[PDB]
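Chemist:
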């Protein structure tokens with residue numbers, strides 16, 4: 365028998385950046401680092 | 910067509934069902950002719 369070729373596969377699989389843009393930024397000596405792991409990141413927003 | 914809208926043998930592929938090779942209407946015609954003949958034969 366002839367079977368249709370597979371196509372259009374459907375595949376099924382948000383760290384907030386608000387503290388960086390909000391509040392008083394600390395001085396260069398008091399630089400504040402935020403750790404983000406395994407989270408969606410938007411470069412365009414920054 | 911109904912199965913696509915939802924037998925499933927063609928989609929499974931596995932085994933293909935085969936038609937009897939004799940149409941039901943043709944078989945019915947043979948039986949009706951036999952019914953006529955039996956009255957004459959008896």
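Residue numbers (the deposited numbering), protein chains in the order written: chain C, 365 to 377, 382 to 414; chain A, 910 to 915, 924 to 959.
Ideal Cβ positions, reconstructed from N, Cα and C, are used throughout, including at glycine.
1. State the DSSP-derived secondary structure class of residue 932 of chain A, mapped to helix, strand or coil.
2. Helix, strand or coil: which one does DSSP assign to residue 924 of chain A?
3. Can you give the Cα-Cα distance for residue 384 of chain C and residue 395 of chain C, rounded to whole angstroms?
4. With distance defined between alpha-carbon atoms, name the residue in C:375, C:372, C:387 nearest to residue 401 of chain C.
5. State the start and end residues of the unbroken alpha helix (DSSP H) segment that holds residue 859 of chain A.
Modeler: Result, derived from the coordinates:
1. Correct three-state label for residue 932 of chain A: coil.
2. In the structure shown, residue 924 of chain A sits in coil (DSSP, three-state: anything other than H, G, I, E or B).
3. Between residue 384 of chain C and residue 395 of chain C, the C-alpha separation is close to 22 angstroms.
4. In terms of Cα proximity to residue 401 of chain C, the closest of C:375, C:372, C:387 is C:387.
5. The first residue shown for chain A is 910 and the last is 959, placing residue 859 of chain A beyond what the model contains.
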